[PDB]
């Protein structure tokens, strides 16, 4: 019944509308993963979103291989995030930090360590580094000490996000990164309690989520999953058997909201024949469900009207339409985004898309 323009509560976050800015890596931080001041303008321009989910933000150097992406493990990073978050709040916006461990999707020339994963696998193709593209290296399967350390890193990152002023966090459990590499049977070949049957494959997500919620509260914790379709070499052969139980687990843990990146056979940023799991997940996760990928404004309105989702997150539309909610409301045409400047440096194709 609520429309995209009606408010929604994501835990304690009182969002003014249900038009969410999806997480978008842009590479406008520095080589120490410290946010740069231009990022304050970028997010402030987009503060009419009901909720902004930040670009994926590294919880550690081990888990952050993306050149010029920000982190949130250090005091210097927290201090740099503070004015970015404050500028959004000054405009009445709300913003959560997407906490990232990239798992096998890193190169050791950026992280200084071998890529880590559920199993000793290699992502397909080549990886974007500071020196250009390099073939992926084989990851190492994390051990018990690694798991303990990575949980500490998630805890520290969640506390640091709150200390920077973020309204909450979203756990990046999607897109073939570390958690997703445990969830899906295409990448998880472990023989211990983290591998095999779906309950075991969910265990790493469970333990990460439990540690984050014990630090900042389940009501300030959201999660992103990407249940259907190969992303970055990560797929499950029967996604319904693991992603529906994962969503039920998140519901039981008290997770405040769940975002699903869902592909289709004609997808324009990833395509697949695996069907969307949102109808099944909607039955087991009962708090706000945010859907994402290839939504026209009309399709987004239909999804809320038919009770399929509580809110819709838009990625590429927010790149090029900082005033997306106002354009929707006023019937104004949308500016196309320039993929050439998605991941480049500086303001071009970043802060120079005008509002209408």
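Numbering follows the first chain given and starts at 1.
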Task: Mean Cα B-factor comparison, 260 to 268 or 183 to 191, giving the higher one as deposited - done: 183 to 191
TODO: Determine, for stretches 236 to 244 and 218 to 226, which one has the higher mean CA B-factor as deposited.
DONE: 236 to 244
- [ ] Select one of 94, 128, 172, 159: the residue whose C-alpha shows the highest B-factor in the crystal structure entry.
- [x] 128
Task: Residue of maximum C-alpha B factor among 209, 231, 274, 74, per deposited coordinates - done: 74
Task: B-factor third for the C-alpha atom of residue 153 within its chain - done: middle
Open item on the list: Test of reading the entry: by CA B factor among the chain's modelled residues, which third contains residue 146?
Closed with: middle
Task: Ranked C-alpha temperature factor of residue 251 among modelled chain residues, by third - done: middle
TODO: Taking the chain's C-alpha temperature factors as the reference, tell me which third residue 13 falls into: lowest, middle or highest.
DONE: middle
Task: Assigned third (lowest, middle, highest) for the C-alpha B factor of residue 302 - done: highest
